[PDB]
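In the structure tokens that follow, a single protein chain appears in two forms: structure 1, then structure 2.
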Structure 1
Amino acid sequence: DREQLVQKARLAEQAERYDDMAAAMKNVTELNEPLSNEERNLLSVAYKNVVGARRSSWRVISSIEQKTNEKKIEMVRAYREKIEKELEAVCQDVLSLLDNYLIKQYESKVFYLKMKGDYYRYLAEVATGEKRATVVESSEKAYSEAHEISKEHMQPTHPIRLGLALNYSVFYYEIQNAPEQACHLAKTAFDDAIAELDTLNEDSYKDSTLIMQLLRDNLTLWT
């Protein structure tokens, strides 16, 4: 049942078996019923660890390829490509789940569109040429859409709106290499949360001030 699937995801998380945790939450998602805030986090955590393990491996092999024969060089390129499509297949898996089942409450719509912009950003980290330019536009469109919805329907101190602006500013800096726009987005999100700092909800206030510190850390780093 739906209950036993979420328990298996909780079990796989504690066992640090995130492939099973992602497969469990994929089955929960494919039940077409909306997911709670807890099930949203279990799905996001599972697939972030799956794609994160491929990102960390890709960065190691790619940096070795830049340093490294014509026989040891092609093997590194063949290994970087093998990890690449593993990463891209994971991103293809989540984006299909988001577009077919999860993206259609305003808090859930920005959480899922932020995921869409995140995993399209992870594709841009490994893509080149027109392939990179295509996934960059798809990441920009998902971020910008969740950006406008979070303004109209959410508080400036909400952790989901704050986390979205953190990754959106990182998108302009790490992907588009636009530090002026990256700083302006992070500073605006920080200023808006400060002006409405009285709206800090008693439960999720330690999560809001955490992201507000992260926005300042990136702002100090980018200036």
Structure 2
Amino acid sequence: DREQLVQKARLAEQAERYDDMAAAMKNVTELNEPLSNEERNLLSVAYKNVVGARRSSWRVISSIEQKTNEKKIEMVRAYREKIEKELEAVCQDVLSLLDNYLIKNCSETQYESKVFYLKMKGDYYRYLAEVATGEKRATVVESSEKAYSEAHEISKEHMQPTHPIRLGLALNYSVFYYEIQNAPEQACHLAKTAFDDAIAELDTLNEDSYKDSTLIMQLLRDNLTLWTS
């Protein structure tokens, strides 16, 4: 029963059991009924914690691997790979949900959901790109950019520049350029213009959107400061 699964997802969150949380929301999505804004948030929060823990772990191991006896380096590499394979499975799960249900069921004028989900698609291809090498890397980098690009065009044409979802897209897209494409001028240009287009009308946002957008703007600023130094 659908509501039990969502209830479970909420319980898992409170218990900070994010693997459970994501598995519940995965099952909910596969019912092919649309997610409400709260359900969409549960999905997004769950998988971000699941993949986020692995990204964090992967970076620790990767760094150790770099700063370090065949059998010692062999264990480090294998452990890194173990973490990589998990990260890849999680991303594949999310990307399959997005392609087969979430993006698919957005109607022509559900712009916010389209931008939300295409962004998400951009994000999890970006997480794959973080650990990928070679031709597999080219593919996930290309897929990431395409999802970001399509979400960007929708957001520019059909959403206010102050909208948290549009701002959050610009934030992550600019991060893609900086970290994945190593294109610091492109990254800064996207970040700055997004910031600039929103900052004048910030006060026109409602209470909850103003909170969300302010935070994202601060991160845009923080990234610009960091990147231009």
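Here, a residue number simply tells you its place in the sequence of structure 1, counted from 1. Shifts are known only where both forms have a C-alpha. C-alpha atoms forming the largest set that superposes within 1.5 Å between two forms make up the rigid core.
- Comparing C-alpha positions between structure 1 and structure 2 after a rigid core fit, one residue in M154, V45, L197, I175 moves 2 angstroms or more. It is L197.
- Taking the core as reference, the Cα of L210 moves 1.3 angstrom between structure 1 and structure 2.
- The two forms line up on their rigid core, and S139 then has its Cα shifted by 0.3 Å between structure 1 and structure 2.
- Fitting the two forms on their rigid core shows CA movement of 2 Å or more between structure 1 and structure 2 over runs of at least three residues at 194-199, 201-203.
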